[PDB]
Structure formats: C-alpha cells, structure tokens
C-alpha cells in the first residue's frame, strides 16, 4: 500500500463511510453543492484582510466576475497573483476557494485576483480558458478599478485551475499582455491526458478525486485532445516562465504533473517540482480537516517567494 499520512487517512475513511453518490448520479447543482460543502467543512477559515472586493472585467462572452484579495489597502507596483479555481471546469466558484485565496494573499503579501470563469457543461471548452486569459490580461493592464499597479502577473490555480494556469502562461507567452508572466504555479494540474497513466489506475478510487469524477468533468467540458488549450503538454515549452509544479503523491492525475515538470526540464526551463507525500488531490483546501496540509501549502508559498526573488 502507498504511504498515507494518518490525518489524511482519517479524512479518507470519513469520506468512505459517507458512501455518497458519484458526481454523475447527482444533479449538476447537487454536485456543485457537494464541493462547496467539502471545502466549506474541511478548509481553514478565511484570513482577515484589508481588502476583499468583488469586481468584474470585460470578457468575450460578457462580464467576468472577479474577487480581489489584499492584505494592504494601498501598495506600490508589483506582481499580481491571478488565481483560477479547481473543479474540473464544471464545479467550484469564488467561494469554494475563497479561504485559500485569503491565505495566499496573507502569506505572500501580494494582491490576489480570483477569476469566476464560465463553467461547463453550460459553457464547454474553451470557455473557462477564454475567461481566465481575458481576466489575466485585464489585470496585467493595471486598470483603475483594480487600484493596484501590476509589474507582472503570477498565474496560479489548482486542478483544472492548474491546467488554466499553464494555458494562460502559454497564451500570454505567444501574445504578451502589458506585463509578463513572472512566475506560474500549477497545483496538481491536468497538463497531459491522464487516460493510460499509472497514477490514474493506482488511485482511481478512494483518494478524494476519482476516475469517475475525472470522466464526468471530461464529458461536460469536452476538451479537444489535440488542442494545447485543452492539454497544454502539447504546447510550446521553450519560453515557459519560471514555474512551480506542485503535485500530490496519491493523486490519480499526479503523473500529468510529473509529465509537465519533465517537459519543462527537457526544454531547459527553470522549474521547482514539489510532490507532497502521503496526501491527495485537493490538499490546498482541506487544511482544517487534514492539518498537515497547511504545511504543504506553506512549502508552495516558500518556493514562490524564492522564485520571485
């Protein structure tokens, strides 16, 4: 059996005892609500911040809702973190990842702008990518409504948001925004197709993220397997920005993150590869129920500070 931390194992046992339905067996809104409750009841509370503000920016389909987080009411020009939540491009929103966002803002002492991108199945691929890209370009333009000047942007996101992180970095690499991507932080990302990977078969059931859920998300989102906006392992890595890839050792899509970090090394790019041992997919948002995952997040934070200077 693979190594599992005792506090992680207790959380897995609680999930197994619940013996709930699969995402596909729920209504779509029930699936979304189950994720709100999962993070809501497992994550640490939000940090108190000087600024937590709802706003929006123009997007190709209409306005994109955003949430700004800042430990400071006023700050000089500097990098701005642009965050994209996980949930397979089907579930999650600004609230499911709100507490994590306040934690990133507090521990980095940088502003964080989270993106409420359009979701599948209502908006299939590449809708989420369109909104993540547009919001990141908007932040990079230092708009007056943001009240903070950006010298650079830092794409960051978990799971599907880690997919969006890499895609955004690739799109902005090809057609620059007003300032560069100075660092990207894909956290347990889907970069290569997980079908056929060893991790997907090893951790198909019992590790929070399941093969069944991955399939449910894929059917709703409908990413083209040949399109680098769906599977950014296919993109051009030769000018990838400085990168931190964080994975979990018990994650069915762990090997997708391994693949991406190896491709960056193969292309000669600077990359920090951190594989958190004995925890699952989603460890960034279960920091109360599994207290050791707070330390995993702090390691990501420390690597970010180092890679930023």
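Positions refer to the first chain, counted from 1.
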{"property": "Greater mean Cα temperature factor according to the PDB record, 142-150 or 77-85", "result": "142-150"}
{"property": "Residue range whose averaged C-alpha B-factor is higher in the record, 45-53 or 272-280", "result": "45-53"}
{"property": "Top residue by Cα temperature factor, when 189, 155, 230, 173 are compared in the entry", "result": "173"}
{"property": "Residue of maximum C-alpha B factor among 116, 193, 103, 133, per deposited coordinates", "result": "193"}
{"property": "Residue 4 CA temperature factor, ranked by third within the chain", "result": "highest"}
{"property": "Residue 200 - which third its CA temperature factor falls in, relative to the rest of the chain", "result": "middle"}
{"property": "Chain-wide C-alpha B factor ranking for residue 72, given as lowest, middle or highest third", "result": "highest"}
{"property": "CA B-factor ranking of residue 254, expressed as a third of its chain", "result": "lowest"}
{"property": "Chain third (lowest, middle, highest) by recorded CA B-factor, residue given as residue 238", "result": "highest"}
